[PDB]
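Down below is the structure, laid out as structure tokens.
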Amino acid sequence: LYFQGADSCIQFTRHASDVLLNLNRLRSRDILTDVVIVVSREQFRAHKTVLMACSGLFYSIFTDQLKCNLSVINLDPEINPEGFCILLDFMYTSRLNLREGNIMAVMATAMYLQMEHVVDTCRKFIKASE
Ligand SMILES: O=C1Cc2cc(Nc3ncncc3Cl)ccc2N1
């Protein structure tokens, strides 16, 4: 549906999440993906704009006039690829699959990627688990 928003424009409730869903479908089909992220020898295709929109690190990389033309970006080879995969999934879905078994790897990776709200959330869940 839609609603009358604060600015008095018509606002579409599901639009942002539909856009994100459609970008994730493109990613699944490898449509218009323009970068490969390499972690611990594993490769992940993505759209630079989505990466930038979610991560301070990717924002810095792709606004650099030298690095914005790289179509392959290697990350720290100590990054847990599953940690990366979970965060990439989050970027494209809004859903973060946080578990006791993975939380430390996810949090370290989010710190490295400068994903501040994810780092905060990871912090709170650890606080509670201790
Ligand atoms: O009304 C509409 C809005 C709209 C968006 C799209 N786009 C996509 N659809 C499915 N998978 C990926 C993408 Cl990017 C296609 C048809 C229509 N029709």
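Counting from 1, the numbers follow the sequence of the chain as shown. Atoms considered below: every heavy atom in the structure, side chains included; atoms not considered: hydrogens, waters and symmetry mates.
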Consider only side-chain heavy atoms of I, L, V, M, F, W and Y, link residues closer than 4.5 Å, and tell whether [X] and [Y] are in one cluster.
{"X": "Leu23", "Y": "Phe12", "result": "no"}
{"X": "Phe90", "Y": "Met111", "result": "yes"}
{"X": "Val38", "Y": "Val50", "result": "no"}
{"X": "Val72", "Y": "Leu66", "result": "no"}

Is any side-chain heavy atom of [X] less than 4.5 Å from a side-chain heavy atom of [Y]?
{"X": "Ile73", "Y": "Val36", "result": "no"}
{"X": "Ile79", "Y": "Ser40", "result": "no"}
{"X": "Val119", "Y": "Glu116", "result": "no"}
{"X": "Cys122", "Y": "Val106", "result": "yes"}
{"X": "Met104", "Y": "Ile126", "result": "yes"}
{"X": "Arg123", "Y": "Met107", "result": "yes"}
{"X": "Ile37", "Y": "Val35", "result": "yes"}
{"X": "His47", "Y": "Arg27", "result": "yes"}

- Under the side-chain hydrogen bond (donor to acceptor under 3.5 Å, both in side chains) rule, what do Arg99 and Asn97 come out as? Steps first, then yes or no, please. CA-CA 7 Å; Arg99 293 167 185 283; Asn97 182 31; 3.2 Å; yes
- Query: Is there a side-chain contact (heavy atoms from CB on, under 4.5 Å) between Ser71 and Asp34 once you walk through the steps?
  - Reply: CA-CA 6 Å; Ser71 69; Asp34 51 10; over 6 Å; no
- Query: side-chain contact (heavy atoms from CB on, under 4.5 Å) between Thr63 and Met52: does it pass, once the steps are laid out?
  - Reply: CA-CA 9 Å; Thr63 49; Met52 293 173 79; 3.6 Å; yes
Gap separating the [atom1] atom of [X] from the [atom2] atom of [Y], nearest 0.5 angstrom:
{"X": "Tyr92", "Y": "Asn24", "atom1": "OH", "atom2": "CG", "result": "7.5 Å"}
{"X": "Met115", "Y": "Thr109", "atom1": "CE", "atom2": "OG1", "result": "9.5 Å"}
{"X": "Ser55", "Y": "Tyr112", "atom1": "OG", "atom2": "OH", "result": "9.0 Å"}
{"X": "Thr33", "Y": "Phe44", "atom1": "OG1", "atom2": "CZ", "result": "14.0 Å"}
{"X": "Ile86", "Y": "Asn80", "atom1": "CD1", "atom2": "CG", "result": "8.0 Å"}
{"X": "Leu88", "Y": "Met91", "atom1": "CG", "atom2": "CE", "result": "6.0 Å"}

- Query: Can you list the steps and then say if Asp18 with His15 is a side-chain contact (heavy atoms from CB on, under 4.5 Å)?
  - Reply: CA-CA 5 Å; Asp18 286 345; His15 177 71; 5.7 Å; no
Has the side chain of [X] got a donor or acceptor atom that lies under 3.5 Å from a matching backbone atom of [Y]?
{"X": "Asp30", "Y": "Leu26", "value": "no"}
{"X": "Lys48", "Y": "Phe58", "value": "no"}
{"X": "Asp89", "Y": "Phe84", "value": "no"}
{"X": "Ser60", "Y": "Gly56", "value": "yes"}

